[PDB]
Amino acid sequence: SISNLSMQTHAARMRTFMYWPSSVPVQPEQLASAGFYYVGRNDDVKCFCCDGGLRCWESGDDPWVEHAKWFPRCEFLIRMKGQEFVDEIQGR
């Protein structure tokens, strides 16, 4: 099951980052590739697959790492990064 099918494609996710705040220390490409799209306020994003949302990004944050840290069971996460990556993150 996919929470948000209109956001399945990387291209559609990138579009939502049109008004991504430049003050935020994480680039839209990286968020889009990790399955996130912009909800439209501040720095809130959601995964099109698991629907997990993240906010308050900090300098050095890695979208895939945070994805695996907070939502280790996302099917998109597992499909893109592999179970070993997830387990490895969880093991920190």
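Position 1 is the first residue in the sequence shown; the rest follow in order.
Per the deposited record, the Cα B-factor of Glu58 falls in the highest third when ranked against the other modelled residues of its chain. In the deposited entry, the Cα temperature factor of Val65 places it in the lowest third of its chain's modelled residues. Per-chain ranking of the deposited C-alpha B factor places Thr9 in the middle third. Split the chain's modelled residues into thirds by C-alpha temperature factor. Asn42 is in the highest one.
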